[PDB]
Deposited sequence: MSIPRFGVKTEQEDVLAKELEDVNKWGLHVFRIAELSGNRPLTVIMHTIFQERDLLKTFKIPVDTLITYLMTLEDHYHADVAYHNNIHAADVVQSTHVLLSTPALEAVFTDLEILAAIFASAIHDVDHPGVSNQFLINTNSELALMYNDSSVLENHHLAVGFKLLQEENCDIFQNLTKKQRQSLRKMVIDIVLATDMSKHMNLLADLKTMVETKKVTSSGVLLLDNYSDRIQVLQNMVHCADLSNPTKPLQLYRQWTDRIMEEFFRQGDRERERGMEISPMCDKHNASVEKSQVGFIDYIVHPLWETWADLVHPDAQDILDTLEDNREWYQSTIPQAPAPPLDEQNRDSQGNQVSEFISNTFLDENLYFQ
């Protein structure tokens, strides 16, 4: 077990890590094992004086607060986004750009960004007058909740991984993490992208030059959003598993809607689904525009990511056997 797990974890710096195999091999602890590997590799325990027992205790706690029964928004997704961010952070164009604290912020934000996800959308929560939507005034409901939980868990026994940061570091990290996780609200996508394009238009290189907090945080926001929307850029055997999981989750929401006598939301009706066509639409309207812009920012570092993305689009287009794609996109990715 241990040797096989270690062998898989050798790919932690690679796009296309076998994250589902890691989940199986670790006894459903992919987030804990991947985070621990990354913190060791980046020397973050030493830099920030994080006790190893504290790190593991926090990670296990965090991982426990992802719902294993939610098909997509679970601990495997969190582990995937962490690992993807870890790879993006090492892209040559960004070499030496970010401080260790910024790195820690991006990785921690990735780890917590979907914690305690119930497997239904912000719009479902709002439309049902849910407790969470009442608590958060309909505004980035889940994302505010993920932050609140991810930070609160630091307060459990032997969980405060930031205990040896300075006051200023802790404040800065908290501000960056909030900014990053709030940017994972899918409704902010079009604004984030528009703003990234504008950044790319005026970029300075020596390797990217980022002079101010605003530019740095913008890049980290987009980096983690790209990681969150990275599934179609992965090896096809991985991508297809992510598709199958998100559709299962969506169809479960639709089943809840049906039981409540609600109109079934776009993409959530197992009786009227077009999985392949819907992925093509996702790539054409959302994922390709985003990744083409990231690739411009880090040119030429992300070329292989784009090539894969285009191959995968073709595969889905080729296996096709409306209002829905269009309605889903409008309701999901616009403010």
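According to the record, the deposited residues with no C-alpha atom in the structure span 1 to 11, 218 to 220, 336 to 350, 365 to 370.
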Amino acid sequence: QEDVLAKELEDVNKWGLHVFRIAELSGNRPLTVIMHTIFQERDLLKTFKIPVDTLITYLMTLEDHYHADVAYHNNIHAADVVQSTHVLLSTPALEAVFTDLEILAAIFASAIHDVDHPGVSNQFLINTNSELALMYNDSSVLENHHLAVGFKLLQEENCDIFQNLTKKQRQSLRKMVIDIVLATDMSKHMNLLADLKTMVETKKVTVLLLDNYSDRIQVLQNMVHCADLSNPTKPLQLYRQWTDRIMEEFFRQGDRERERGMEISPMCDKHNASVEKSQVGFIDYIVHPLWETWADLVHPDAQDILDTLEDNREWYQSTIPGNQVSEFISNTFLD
From here on, numbers count along this sequence of modelled residues.
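Once the C-alpha B-factors are averaged per stretch, 259 to 267 and 110 to 118 rank with 259 to 267 first. Judged by mean Cα B factor in the deposited record, 23 to 31 ranks above the other of 23 to 31 and 55 to 63. Highest CA B-factor among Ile38, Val70, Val287, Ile305, as stated in the entry: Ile305. In the PDB entry, the Cα temperature factor peaks, among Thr206, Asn74, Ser130, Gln171, at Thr206.
Placement of the Cα temperature factor of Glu201 within the chain: highest third of the modelled residues, per the deposited record. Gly254 sits in the middle third of its chain by CA B factor, as recorded in the PDB entry. Ranked against the other modelled residues of its chain, the C-alpha B-factor of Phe162 as given in the entry falls in the middle third. Ranked by C-alpha B-factor against the other modelled residues of its chain, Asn191 falls in the highest third. Per-chain ranking of the deposited C-alpha B factor places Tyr136 in the lowest third.
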